[PDB]
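Report on the following structure.
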Amino acid sequence: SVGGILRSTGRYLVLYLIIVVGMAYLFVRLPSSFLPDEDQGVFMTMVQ
Amino acid sequence: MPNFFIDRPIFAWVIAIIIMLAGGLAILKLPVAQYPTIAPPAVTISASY
Amino acid sequence: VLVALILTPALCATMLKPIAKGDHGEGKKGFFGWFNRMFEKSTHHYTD
Amino acid sequence: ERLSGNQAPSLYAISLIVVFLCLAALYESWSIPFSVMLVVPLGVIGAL
Ligand SMILES: CCCCCCCC
Ligand SMILES: CCCCCCCC
Ligand SMILES: CCCCCCCC
């Protein structure tokens with residue numbers, strides 16, 4: 001199967017660029033934070 | 001070491017480029033002044049009567 | 001000294017042009033030709 | 001937030017440059033390293 005891919009080549013060069021553009025899309029699409037909120041077994045309630 | 005890098009000219013270039021790159025990044029972060037701290041430090045006690 | 005032991009030798013092997021036996025740049029025509037003849041002559045004065 | 005924030009993209013760019021250089025020293029070629037460098041996007045896509 002690897003031996004067959006070497007004969008083609010051209011097709012898998014295009015498939016690679018689709019993954020790189022797909023990666024570039026997912027990167028920008030995914031929101032950004034710093035550190036997630038952890039369950040610490042404790043919390044507080046404010047009363048004003 | 002000289003004989004090693006005569007046969008490996010790309011290795012020799014890689015060492016040089018990495019040093020130059022590290023230097024380029026240092027120039028951005030490095031502070032600037034006329035002198036460093038050459039003056040000896042002083043403490044002043046101010047009082048009023 | 002590290003540049004002189006690592007980079008400088010690597011360049012001298014790959015970059016430098018071959019110099020023929022006996023050639024001290026006296027054959028050059030222009031300023032360099034005059035300087036090379038002047039310097040080679042000054043070396044004989046010094047050594048003597 | 002305002003002053004000193006997004007500084008990751010530049011350090012990622014430095015990483016890929018320094019990795020390419022270290023690979024070039026290992027294989028003694030400017031071309032061969034790219035055979036390894038082009039595998040990075042195949043890993044990043046999965047994490048994303
Ligand atoms: C063989 C040429 C090396 C290129 C050096 C680049 C320095 C930034
Ligand atoms: C390069 C300087 C040479 C001068 C020699 C003087 C001897 C008389
Ligand atoms: C990062 C510098 C690469 C230079 C490549 C030179 C190819 C002959």
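The sequence lines fix the lettering, A, B, ..., with proteins before strands; numbering per chain opens at 1. All values below come from the heavy atoms of this structure, side chains included, with hydrogens, waters and symmetry mates left out. Whatever order the structure lists them in is the order used to number ligands and atoms, beginning at 1.
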Please say whether more than 12 non-hydrogen atoms of neighbouring residues, nucleotides or ligands are located less than 6.0 Å from OH in A:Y12. yes
Students often mix this up, so state it plainly: with edges at 30° and 60°, are the rings of C:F31 and C:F35 parallel, tilted or perpendicular? parallel
Geometric class of the B:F11/B:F5 ring pair [parallel <30°, tilted 30-60°, perpendicular >60°]: perpendicular
Tell me the protein heavy atom at minimum distance from atom 1 (C) of ligand 1, and give that distance in Å. B:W13 NE1, 3.8 Å
Which protein heavy atom lies closest to atom 7 (C) of ligand 2, and at what distance to 0.1 Å? C:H45 O, 4.4 Å
Would one find more than 12 heavy atoms of other residues, nucleotides or ligands at under 6.0 Å from atom OH of A:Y25? no
When distances are taken from atom 8 (C) of ligand 1, the protein heavy atom at minimum range is B:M20 CE, 4.5 Å
Write out the residue and atom name of the closest protein heavy atom to atom 2 (C) of ligand 3, then the distance separating them to 0.1 Å. D:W30 CZ3, 4.3 Å
